Structures are given as structure tokens and as C-alpha cells.
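Data first, discussion second: the structure below is written as C-alpha cells.
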Amino acid sequence: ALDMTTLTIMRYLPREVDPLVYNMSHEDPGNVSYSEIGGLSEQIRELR
Amino acid sequence: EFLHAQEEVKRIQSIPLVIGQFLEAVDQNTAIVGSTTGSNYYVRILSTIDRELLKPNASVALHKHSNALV
Amino acid sequence: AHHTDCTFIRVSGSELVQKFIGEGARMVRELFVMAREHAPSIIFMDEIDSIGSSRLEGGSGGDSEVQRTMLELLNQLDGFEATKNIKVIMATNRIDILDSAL
Amino acid sequence: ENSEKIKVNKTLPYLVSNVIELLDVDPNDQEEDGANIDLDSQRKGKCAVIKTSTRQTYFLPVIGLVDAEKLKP
Amino acid sequence: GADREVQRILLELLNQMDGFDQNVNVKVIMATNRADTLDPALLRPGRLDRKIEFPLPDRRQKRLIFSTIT
Amino acid sequence: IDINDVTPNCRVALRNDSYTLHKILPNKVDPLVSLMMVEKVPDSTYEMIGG
Amino acid sequence: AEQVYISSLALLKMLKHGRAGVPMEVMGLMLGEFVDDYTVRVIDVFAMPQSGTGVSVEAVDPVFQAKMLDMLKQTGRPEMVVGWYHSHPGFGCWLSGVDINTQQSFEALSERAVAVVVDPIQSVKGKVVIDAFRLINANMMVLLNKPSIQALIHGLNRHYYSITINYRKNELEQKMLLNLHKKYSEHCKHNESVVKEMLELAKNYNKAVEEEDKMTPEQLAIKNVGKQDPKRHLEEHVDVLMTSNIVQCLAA
């Protein structure tokens with residue numbers, strides 16, 4: 001953190017990248033069923 | 001007295017300082033520098049430092065307000 | 001060019017044409033005027049055969065076509081002066097890269 | 001006393017800005033560089049950011065003048 | 001689509017090669033995946049000379065690989 | 001300095017608050033084409049290669 | 001005008017505290033004495049509570065100052081407050097609209113008080129950067145045209161008027177300083193120094209010879225052409241080397 005005219009180090013903090021929720025949109029793992037358009041079942045088993 | 005004067009000059013500019021990168025030496029105590037703001041100036045430089053052991057790729061600290069190579 | 005004591009100007013034909021608007025048409029004509037200030041000069045049309053220092057051996061319709069243009073500029077020049085100092089160098093391997101006009 | 005203060009900044013020219021990240025822990029981040037020669041872009045932004053339209057990013061700690069939960073990324 | 005933005009980048013690589021490699025101590029190695037559209041003077045000697053391309057395997061070479069994994 | 005003294009395509013110093021030419025620097029060229037390689041000295045001679 | 005006299009000890013006290021303060025504002029009170037309105041003596045100063053928000057007109061703490069004065073009084077050094085200091089670190093030496101307001105409160109209390117400002121971040125030049133301020137308060141601010149001026153000074157008050165900063169030396173403090181260097185421990189330190197060099201000489205010799213060998217072909221090559229900044233450097237280098245050997249010699 002720097003100031004805007006003193007131009008000094010106000011703080012130090014460890015470098016991680018910033019988390020993304022503006023690039024991580026959430027779709028919950030159970031707003032559906034795998035017996036809804038199940039019978040696609042077999043391909044599910046191979047991906048599993 | 002000579003010594004005393006020599007003390008003053010190193011003080012006149014001190015940190016914070018802005019960075020530029022040296023384009024070329026135009027002549028004695030004149031140089032063309034291109035600042036990393038990306039604004040190029042023709043500038044003064046103080047006699048206290050070698051002027052042909054300075055690399056053409058060397059990044060340099062110049063003052064902000066006066067624009068002279070510290 | 002060294003013996004002749006002139007500049008060696010290699011112009012690569014395809015580097016004269018631009019997907020930018022109008023810049024290619026301006027480029028072929030623009031070069032001639034430069035040579036005149038530079039005079040005497042050698043214009044080697046580069047990219048129609050090389051040792052292999054620079055890509056491409058051969059090409060018509062844009063190594064010959066830009067070169068053809070040069071022949072026409074020169075035809076007018078030949079009518080409006082009588083001493084030149086601009087030489088054109090073409091290099092080829094192929095005899096089948098040569099147009100009917102050439 | 002507070003009411004006059006806020007009002008003055010509203011009269012235009014004024015900066016509207018866009019909050020990219022809601023968050024209110026782990027300050028510090030980075031923008032802009034030095035120079036010389038060879039070109040690869042970089043950009044960052046964290047804690048809460050606003051990016052103002054001169055293309056500048058800013059670190060602010062939250063106020064109750066407007067509520068941050070009511071605000072979004 | 002463009003050939004300008006990239007141009008200053010390309011000039012600099014040529015400048016650097018020329019700046020050094022008479023007290024060689026740093027190597028330059030290139031990789032490509034679309035080497036159908038290099039520059040002619042990216043190849044002009046005094047900038048690049050060896051071009052190593054990938055080959056088909058020998059029967060004996062396939063075997064070695066197989067011996068290690070098993 | 002007067003205008004006869006300048007010759008086109010010179011790098012120059014302009015003041016920033018009076019906007020007059022303090023000095024003139026040396027000269028400068030331009031690549032209008034995307035590859036400029038002019039050789040005024042050669043890479044070959046007679047005995048460059050024989051035969 | 002006016003002259004404020006700052007103590008020898010005082011300047012150092014001021015600088016330490018402000019530096020710790022960096023880059024936030026620090027204020028304290030100044031103690032000393034008034035003679036006439038011509039002379040201001042600052043014997044001592046004390047700090048009051050710290051603030052990261054900045055000094056304020058209501059940022060004064062009555063208990064603190066009151067309490068400290070008693071304890072100083074007990075030590076046998078009571079005095080009144082002659083005025084106050086506030087810091088500006090690179091926020092310009094020129095006082096803000098806020099500070100004038102602050103400044104007015106004190107002067108309501110006083111009949112006249114001084115503001116001493118230090119820029120501690122511009123104090124790392126290596127010589128003093130201190131400013132002293134007052135308000136525009138006529139009397140001798142009245143001392144383009146001649147009716148215009150006296151009225152202008154009258155009409156308008158509370159403009160920035162810096163004043164002279166001074167000191168007065170004191171012989172005992174002056175002598176103490178000279179002792180703090182020496183070209184108790186020092187007696188040993190000198191003798192030791194002479195010894196240590198002799199042991200090392202074997203190594204020193206080898207480095208000293210190395211420099212000389214590199215340097216010579218160069219000056220010859222340079223002889224031909226014009227001069228450049230390394231030839232000189234190389235010449236200068238050799239001169240110093242030799243001086244150092246004498247000291248090694250001198251030790252026995």
C-alpha cells in the first residue's frame with residue numbers, strides 16, 4: 001500500500017492473486033437431478 | 001570552503017525520485033533522456049559522476065520537478 | 001554495388017503491400033522519389049530469388065507486378081532525361097516466372 | 001456540517017466508478033510499471049476496488065454512508 | 001491484420017543480438033508452432049543458423065520408451 | 001537561430017513555457033516500410049566465392 | 001520583526017520524535033520564555049498524544065499537559081507554554097486552512113504564540129529544514145503605492161508569515177560533541193587498530209599488487225586516442241593505494 005503524495009510503504013501483505021467472483025459464477029451441484037434427463041446414464045458412468 | 005560547497009549539492013535532490021532511462025549524451029552536461037512516463041526531455045546533469053561509463057541501456061533516477069539526472 | 005560505389009537497396013516486393021487503406025499504392029511510387037535524392041543507387045528486387053538469406057525464391061503478380069511498375073516509371077523517365085544512374089536488378093532461376101510483358 | 005461537505009463533490013465534473021471486487025480483507029494489489037524495451041501486459045485489483053475512468057484503481061475501507069452488502073462485485 | 005504494433009518488439013530482438021554475442025555467455029533458443037510465417041531477416045545469418053525439426057521414431061527408439069514404462 | 005539554419009528532419013529542443021527552439025540536436029531517419037535493410041558497404045567481393 | 005531562539009538541545013529533541021511520527025502529523029507544546037515580544041526563548045518541548053487522523057483544534061487533552069507540568073515543576077524547571085508545533089511532512093511548509101483555525105484557538109488563549117513546523121521527511125537532506133510561522137498581525141507588517149499598502153495589511157488578517165529561526169550556542173554542549181569521535185575505550189581502540197593491520201598485510205599486499213597490473217596496459221592504449229572517463233579513474237585509483245601502504249608502514 002502506497003500513499004498518494006508521500007509515496008511511502010504504508011503496508012505489506014503477502015502476494016496471492018485476487019479471488020474471482022466476477023469471473024466465478026456459481027452453479028450449485030443439485031438444482032437438478034440425474035434422473036431427470038437420466039437415461040443418459042451410461043455416458044454419466046464413463047465420465048464418473 | 002571548497003569542501004563545504006561540495007557537501008551541499010548531493011543533498012539538493014533526495015528521495016522520492018522518478019525513473020527515466022538514458023537515451024544519449026548530447027554533449028558536455030547535456031543529455032536526451034526519455035522518461036518512462038514516456039515523455040522525453042533534454043536535460044541537465046550535475047558533474048559528480050562519470051559520463052561515458054553510463055550505459056545506453058541504463059535506467060537512471062531523474063528529479064520530477066526539475067528533471068535532472070540525480 | 002560496392003565496385004560501382006553506390007547504395008545497395010534491396011526492396012522486398014511483398015513488404016510493399018498493406019492491408020491498411022491506401023498505404024500499399026502510395027508505397028511503390030514513394031520509393032522512386034527517395035532513390036533520386038540517394039542517386040546513384042541499385043534497386044535489387046528482393047524476394048524473386050535470393051541465396052536463402054531472405055525467404056522466398058520466385059513469385060509473380062506481386063514480385064514481378066511491383067517490378068513491372070518500375071519498368072513503366074522508368075519508361076517515362078527515359079523520355080524526360082537521357083542520363084540515368086538507377087539500375088534495376090532482377091534475379092530468377094525460372095524462365096517461367098516471366099510474363100508476356102516482361 | 002456533514003451534509004454540505006458531501007454535496008459539493010456531487011456537482012459535476014464528478015467521477016462515477018465501478019466496483020470490481022466487494023471484499024473487505026487482504027489489502028494491497030498493483031497497477032502500472034516502468035520502462036525500457038519488451039511488451040507484456042499486467043493488471044490487478046483487490047480488497048475493494050473501484051476503477052475510475054481515467055483507468056486508475058483505488059483501495060478504500062468501507063463506510064456506512066452506503067452499505068457494502070448492498071453493493072456487489 | 002497488423003504489422004506495426006509488433007514491429008518495435010521485433011526491432012529490439014535484432015538490436016540485442018548485435019549488442020552481445022562477442023563475449024557470449026547467454027544463449028538464445030527459439031520454439032515455434034507456426035513456422036510458416038517467420039521473418040526473412042529473422043533467419044539472415046548472424047541471428048539464427050540451426051533449425052532442428054521433430055522426426056519419426058525408429059523401431060529401436062519405440063522400444064526404449066516401452067522398456068522404461070513397463 | 002534563424003529558419004535558414006534548420007534543415008528538415010532534425011531533432012530539436014523546444015521550450016515548454018515559451019515555445020521557441022533553444023537548440024537543434026543531430027538528425028534522424030524513419031522506416032516507412034516494415035523492413036529496412038540497406039547495405040552501403042557489401043557482404044561480397046570478387047573473391048567472395050571462387051569459380 | 002521577531003526572532004525565536006531554539007535551544008541546542010532542542011532541535012535534536014524535535015527531530016527525533018517527528019521522524020518516529022512519519023508521515024503522520026505530530027504536535028507538541030513549546031516551553032520557554034518571553035522577554036518583550038521581540039525575543040522568544042524555547043528551552044524545552046514535550047509531546048502530547050498521537051493521532052493518525054491529523055491534528056485537530058479539539059485534539060488537545062487537558063489532563064496530559066497539566067499533569068506533565070507538575071512533574072516538570074517538581075524537577076525544578078517550570079515555565080509557561082510560549083506556543084505550539086505542528087508537523088508538515090512534504091505537505092508544503094505553507095500552513096493549511098485547518099491549521100490557521102487551530103492556530104487561532106491558541107492565540108485566543110495567549111496574546112501571541114509561535115508555530116514551529118518541521119518537515120522531518122525533508123530533514124533527511126543533511127542540513128536543517130525548519131520553518132517558523134505566525135499570523136499576519138500588523139504593528140510591523142505595515143513597516144505598489146503608499147496609502148494602498150497600510151490598509152491592505154490592516155483589512156486582511158490571518159495570512160502566512162514565516163519568521164526567522166535562530167539559536168544560541170552553549171559552551172558546555174559544544175565541548176561534549178568534540179569528544180564523541182576521536183581520531184576509556186578510545187585509549188585501547190587506537191592501539192588495537194595499529195596492531196590489527198600488520199597481521200592482515202600478507203593478504204593486503206596481494207590485492208594491492210593485482211590492481212596495478214590491470215591498470216597499466218590501459219593507459220597506454222588510451223594514450224593514442226582522445227581521453228575518456230576510465231583512464232582518469234585508473235590513474236586516481238593507484239594514488240590512493242599507495243597512501244594506504246604508508247599507514248601500514250607507520251604502525252611499527
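Naming scheme: A, B, ... for chains in displayed order of the C-alpha cells; residues 1 onward per chain; ligands 1 onward as shown.
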For chain B, work out the contacting residues on chain A at 12 Å, counting only C-alpha atoms, and write them as number ranges by chain. A: 5-9
Residues just named, written with C-alpha atoms as a PDB file, in the first residue's frame:
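Output file selection-v7.pdb follows:
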```
ATOM      1  CA  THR A   5       1.886  12.010  -2.325  1.00  0.00           C
ATOM      2  CA  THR A   6       4.161  10.878   0.413  1.00  0.00           C
ATOM      3  CA  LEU A   7       4.893   7.854  -1.624  1.00  0.00           C
ATOM      4  CA  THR A   8       5.866   5.581   1.123  1.00  0.00           C
ATOM      5  CA  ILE A   9       5.021   1.953   2.064  1.00  0.00           C
TER       6      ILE A   9
END
```
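Taking only C-alpha atoms, the non-local environment of residue D:23 within 8 Å (same-chain residues fewer than 4 positions away omitted) comprises residues 46, 47 and 48 of chain D.
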Those same residues, written as a tab-separated table (two decimals), in the first residue's frame with C-alpha atoms?
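Listing of selection-v4.tsv after writing:
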```
chain	number	residue	atom	x	y	z
D	46	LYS	CA	-8.29	-6.47	-4.72
D	47	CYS	CA	-9.69	-5.61	-1.27
D	48	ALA	CA	-12.27	-3.31	-2.61
```
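Residue list for chain B within 12 Å of chain G: residues 4, 7, 8, 9, 10, 11, 12, 13, 14, 15, 16, 48, 49, 50, 51, 52, 53 and 54 of chain B, counting only C-alpha atoms.
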I want to know what sits within 9 Å of residue B:38, based on only C-alpha atoms, with residues of the same chain fewer than 2 positions away left out; could you give that as a VMD selection string? (chain B and resid 20 34 to 36 40) or (chain D and resid 35)
Using only C-alpha atoms, please write the residues we just selected to a file, as an mmCIF file, in the first residue's frame.
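Result file part.cif:
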```cif
data_model
loop_
_atom_site.group_PDB
_atom_site.id
_atom_site.type_symbol
_atom_site.label_atom_id
_atom_site.label_comp_id
_atom_site.auth_asym_id
_atom_site.auth_seq_id
_atom_site.Cartn_x
_atom_site.Cartn_y
_atom_site.Cartn_z
ATOM 1 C CA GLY B 20 13.713 7.642 -16.669
ATOM 2 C CA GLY B 34 13.383 9.507 -22.337
ATOM 3 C CA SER B 35 11.283 9.243 -19.275
ATOM 4 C CA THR B 36 9.319 6.020 -18.520
ATOM 5 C CA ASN B 40 11.347 12.718 -23.460
ATOM 6 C CA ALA D 35 10.083 1.069 -18.942
#
```
Could the residues of chain E within 9 Å of chain D, counting only C-alpha atoms, be given as a CSV table (one decimal) with C-alpha atoms, in the first residue's frame, please?
```csv
chain,number,residue,atom,x,y,z
E,8,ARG,CA,9.0,-2.3,-32.3
E,9,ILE,CA,9.2,-5.6,-30.4
E,12,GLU,CA,14.6,-4.8,-30.3
E,13,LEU,CA,15.4,-8.5,-30.7
```
Interface list for chain E, partner chain F, 10 Å threshold, only C-alpha atoms, as a list in words: residues 3, 4, 7, 11, 39, 40 and 41 of chain E
Define the interface residues of chain D facing chain B as those within 9 Å, counting only C-alpha atoms, and report them as an MDAnalysis selection string. chainID D and resid 33:36
Given the selection you just returned, output its residues as a file containing C-alpha atoms, formatted as a PDB file, in the first residue's frame.
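part07.pdb was written with the following content:
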```pdb
ATOM      1  CA  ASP D  33       5.124  -0.261 -14.472  1.00  0.00           C
ATOM      2  CA  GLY D  34       8.463   1.191 -15.504  1.00  0.00           C
ATOM      3  CA  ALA D  35      10.083   1.069 -18.942  1.00  0.00           C
ATOM      4  CA  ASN D  36      12.803   0.134 -21.242  1.00  0.00           C
TER       5      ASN D  36
END
```
Using only C-alpha atoms, which of G:51, G:174, G:185, G:243 sits nearest residue G:9?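 Among G:51, G:174, G:185, G:243, it is G:174 that comes nearest to residue G:9.
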Rounded to one decimal in Å, what is the spacing between atom CA of residue G:21 and atom CA of residue D:31?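 If I compute the distance from atom CA of residue G:21 to atom CA of residue D:31, I get 28.4 Å.
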Return as a Markdown table the residues of chain F lying at most 12 Å from chain C, together with the closest atom-to-atom pair for each and the distance in Å to one decimal, counting only C-alpha atoms, with rows in chain order and ascending residue number.
```
| residue | atom | partner | partner_atom | distance |
| --- | --- | --- | --- | --- |
| F:31 | CA | C:31 | CA | 11.7 |
| F:32 | CA | C:27 | CA | 8.6 |
| F:33 | CA | C:16 | CA | 6.9 |
| F:34 | CA | C:15 | CA | 6.6 |
| F:35 | CA | C:15 | CA | 7.2 |
| F:36 | CA | C:11 | CA | 8.1 |
| F:37 | CA | C:10 | CA | 7.1 |
| F:38 | CA | C:9 | CA | 5.2 |
| F:39 | CA | C:8 | CA | 5.3 |
| F:40 | CA | C:7 | CA | 4.9 |
| F:41 | CA | C:2 | CA | 6.4 |
| F:42 | CA | C:2 | CA | 5.9 |
| F:43 | CA | C:2 | CA | 9.1 |
| F:44 | CA | C:2 | CA | 8.3 |
| F:45 | CA | C:2 | CA | 7.8 |
| F:46 | CA | C:3 | CA | 9.6 |
```
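In the backbone-derived DSSP annotation, strand (DSSP E or B) within chain F comprises residues 10, 11, 12, 13, 14, 21, 22, 23, 24, 25, 26, 27, 38 and 39 of chain F.
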At most 7 Å to chain E: residues in chain C, only C-alpha atoms, as a list in words: residues 19, 53, 54 and 55 of chain C
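Neighbours of residue G:5 closer than or equal to 8 Å, with only C-alpha atoms counted and sequence neighbours fewer than 3 positions away skipped, come out as residues 39, 40, 41, 42, 165, 166, 167 and 168 of chain G.
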Quick one: write out the picked residues with C-alpha atoms as a tab-separated table (two decimals), in the first residue's frame?
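Saved the output as selection.tsv:
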```
chain	number	residue	atom	x	y	z
G	39	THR	CA	12.59	37.65	21.79
G	40	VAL	CA	11.27	34.16	22.26
G	41	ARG	CA	13.42	31.54	24.14
G	42	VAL	CA	12.45	27.80	23.66
G	165	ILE	CA	14.66	30.80	13.06
G	166	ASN	CA	17.80	31.07	15.17
G	167	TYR	CA	19.68	29.54	18.05
G	168	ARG	CA	22.19	30.33	20.74
```
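Computed from the coordinates, the atom CA of residue G:29 to atom CA of residue G:159 distance equals 22.4 Å.
Atom CA of residue F:25 to atom CA of residue B:55 spans 20.1 Å [interatomic distance, one decimal].
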Please find the residues of chain F near chain B - the criterion being any atom within 10 Å, counting only C-alpha atoms - and write them as a list in words.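 Close to chain B, chain F has residues 12, 13, 14, 15, 23, 25 and 26 of chain F.
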Export of prior selection with N, CA, C and O atoms as a short mmCIF file (atom, residue, chain, number, x, y, z; two decimals), in the first residue's frame:
```cif
data_model
loop_
_atom_site.label_atom_id
_atom_site.label_comp_id
_atom_site.auth_asym_id
_atom_site.auth_seq_id
_atom_site.Cartn_x
_atom_site.Cartn_y
_atom_site.Cartn_z
N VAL F 12 15.09 18.45 -32.19
CA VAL F 12 15.23 19.80 -31.76
C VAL F 12 14.73 19.87 -30.37
O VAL F 12 14.08 18.94 -29.84
N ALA F 13 15.11 20.97 -29.66
CA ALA F 13 14.64 21.27 -28.34
C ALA F 13 13.70 22.42 -28.43
O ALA F 13 14.17 23.44 -29.02
N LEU F 14 12.51 22.28 -27.88
CA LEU F 14 11.53 23.29 -27.79
C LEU F 14 11.32 23.55 -26.34
O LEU F 14 11.17 22.70 -25.49
N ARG F 15 11.24 24.84 -26.02
CA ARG F 15 10.86 25.19 -24.66
C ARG F 15 9.37 24.89 -24.37
O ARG F 15 8.67 24.64 -25.32
N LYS F 23 17.77 24.90 -29.05
CA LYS F 23 18.89 24.24 -29.80
C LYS F 23 18.33 23.29 -30.74
O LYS F 23 17.18 23.00 -30.69
N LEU F 25 19.37 19.44 -32.29
CA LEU F 25 20.18 18.32 -31.97
C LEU F 25 20.86 17.68 -33.17
O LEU F 25 21.00 18.43 -34.15
N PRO F 26 21.28 16.44 -33.28
CA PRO F 26 21.58 15.92 -34.61
C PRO F 26 20.26 15.37 -35.22
O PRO F 26 19.21 15.68 -34.69
#
```
Skipping near chain neighbours, those fewer than 3 positions away, what residues fall within 12 Å of residue C:94 using only C-alpha atoms, listed as a ChimeraX atom specification? /C:48-49,57-60,90-91,97-99
Mind writing the picked residues with N, CA, C and O atoms as a PDB file, in the first residue's frame?
```
ATOM      1  N   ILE C  48      12.466 -12.755 -55.341  1.00  0.00           N
ATOM      2  CA  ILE C  48      12.079 -13.319 -56.601  1.00  0.00           C
ATOM      3  C   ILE C  48      13.171 -14.375 -56.961  1.00  0.00           C
ATOM      4  O   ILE C  48      13.060 -15.192 -57.822  1.00  0.00           O
ATOM      5  N   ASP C  49      14.229 -14.380 -56.119  1.00  0.00           N
ATOM      6  CA  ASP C  49      15.280 -15.348 -55.998  1.00  0.00           C
ATOM      7  C   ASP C  49      16.285 -14.667 -55.089  1.00  0.00           C
ATOM      8  O   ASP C  49      16.506 -13.437 -55.108  1.00  0.00           O
ATOM      9  N   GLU C  57      11.823 -17.869 -53.104  1.00  0.00           N
ATOM     10  CA  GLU C  57      12.580 -17.801 -54.332  1.00  0.00           C
ATOM     11  C   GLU C  57      11.414 -17.865 -55.278  1.00  0.00           C
ATOM     12  O   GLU C  57      10.595 -18.784 -55.201  1.00  0.00           O
ATOM     13  N   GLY C  58      11.411 -16.873 -56.239  1.00  0.00           N
ATOM     14  CA  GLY C  58      10.424 -16.737 -57.280  1.00  0.00           C
ATOM     15  C   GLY C  58       9.279 -15.912 -56.800  1.00  0.00           C
ATOM     16  O   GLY C  58       9.286 -15.363 -55.685  1.00  0.00           O
ATOM     17  N   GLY C  59       8.179 -15.793 -57.674  1.00  0.00           N
ATOM     18  CA  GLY C  59       6.979 -15.035 -57.414  1.00  0.00           C
ATOM     19  C   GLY C  59       6.676 -14.169 -58.528  1.00  0.00           C
ATOM     20  O   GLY C  59       7.492 -13.419 -59.014  1.00  0.00           O
ATOM     21  N   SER C  60       5.344 -14.228 -58.931  1.00  0.00           N
ATOM     22  CA  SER C  60       4.847 -13.365 -59.983  1.00  0.00           C
ATOM     23  C   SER C  60       3.657 -12.733 -59.434  1.00  0.00           C
ATOM     24  O   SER C  60       3.063 -13.250 -58.442  1.00  0.00           O
ATOM     25  N   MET C  90      17.012  -7.747 -61.449  1.00  0.00           N
ATOM     26  CA  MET C  90      16.076  -8.836 -61.261  1.00  0.00           C
ATOM     27  C   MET C  90      16.899 -10.042 -61.115  1.00  0.00           C
ATOM     28  O   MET C  90      17.986 -10.082 -61.748  1.00  0.00           O
ATOM     29  N   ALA C  91      16.488 -11.032 -60.290  1.00  0.00           N
ATOM     30  CA  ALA C  91      17.155 -12.341 -60.135  1.00  0.00           C
ATOM     31  C   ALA C  91      16.022 -13.358 -60.177  1.00  0.00           C
ATOM     32  O   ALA C  91      14.995 -13.231 -59.566  1.00  0.00           O
ATOM     33  N   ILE C  97       8.625 -17.841 -64.726  1.00  0.00           N
ATOM     34  CA  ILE C  97       8.098 -16.804 -63.843  1.00  0.00           C
ATOM     35  C   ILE C  97       7.859 -15.480 -64.584  1.00  0.00           C
ATOM     36  O   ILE C  97       7.306 -14.547 -64.040  1.00  0.00           O
ATOM     37  N   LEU C  98       8.296 -15.385 -65.910  1.00  0.00           N
ATOM     38  CA  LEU C  98       8.358 -14.213 -66.804  1.00  0.00           C
ATOM     39  C   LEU C  98       7.107 -14.066 -67.599  1.00  0.00           C
ATOM     40  O   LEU C  98       6.630 -14.985 -68.266  1.00  0.00           O
ATOM     41  N   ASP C  99       6.464 -12.833 -67.440  1.00  0.00           N
ATOM     42  CA  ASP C  99       5.232 -12.531 -68.119  1.00  0.00           C
ATOM     43  C   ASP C  99       5.553 -12.044 -69.572  1.00  0.00           C
ATOM     44  O   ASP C  99       6.666 -11.816 -69.946  1.00  0.00           O
TER      45      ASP C  99
END
```
Nearest to residue C:89: which of C:14, C:4, C:67, C:75 is it, counting only C-alpha atoms?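 Residue with the minimum atom-to-atom distance to residue C:89: C:67.
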